[PDB]
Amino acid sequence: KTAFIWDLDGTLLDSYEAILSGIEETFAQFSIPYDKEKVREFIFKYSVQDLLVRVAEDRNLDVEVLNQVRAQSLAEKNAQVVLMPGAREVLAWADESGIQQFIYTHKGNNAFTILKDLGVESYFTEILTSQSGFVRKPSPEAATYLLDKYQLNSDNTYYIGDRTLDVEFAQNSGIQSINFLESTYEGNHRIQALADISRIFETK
C-alpha cells in the first residue's frame, strides 16, 4: 500500500545551529571573519555551497577544501541537531499505520549517525544519502530505484519535504508530494505542520 520518502533538513531535522556551528569552525580554520547573522541571511537567500563559493572566489580559497572541512566540522556538531516539531509523532504514526518509510537526503553518511543519535533510524527501510550515487534532487533516479526495488504504488508514494525542489523531485519521478509549500503540481498536498500528514489519510 503506502510509502513515505522523507527529506531531512527542515522536514524531520532541525540542523540550523549545527550547520552554523560547522560553518563557524570552517571559517576559523581559513581565517574568514564569521558574523552569524550575515551567514544566516546568506544561506537562507542562497545555499551553503553558494557561501563556500563566495568566500572561495572572494578570498582565493579552494572550494572543495572548504567543503571537506565543512562536512568534517558539521559531523562534529551532531549534538546540536534537534528533530523538527512533530517529527517523532508522525514517524511513530506512520510506522504504526504500516507505512513503509524511506529517506533521500543531500547530507552524507553522517545522516545515519544523526538519526541514530535521535533514536529514529530504525523507522527507515532504506536511507539514501549523497553517497548513494544518485543525482541530487530534483533528478528522479533515487525515487525510481525505490519504486522498482520495493514495488511501490506511485499513487500511494509521497515525497515529504519543505522546498520547491522536493515537490519537483516527486513530480519528476511520477509520485505524490507532501510539502509545506503550495505547488501547481496536482500530486502535491500542502501541510502547515507535520501533524497534518495523518489527516491526509482519513476522511475530511
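Residue numbers run from 1 along the displayed sequence.
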Taking the deposited Cα B-factors and averaging over 195-203 and over 3-11, the higher mean is found in 195-203
Read off the CA B-factors in the entry, average them over 36-44 and over 142-150, and name the higher stretch. 36-44
Among the modelled residues of its chain, does the C-alpha B-factor of residue 94 lie in the lowest, middle or highest third? lowest
Classify residue 84 as lowest, middle or highest third according to the C-alpha B-factor given in the PDB entry, relative to its own chain. lowest
Please place residue 20 in the lowest, middle or highest third of its chain by C-alpha B factor as given in the entry. lowest
Residue 53: which third of its chain by C-alpha temperature factor? lowest
Grab the CA temperature factor for residue 178 from the record and place it in the lowest, middle or highest third of its chain. lowest
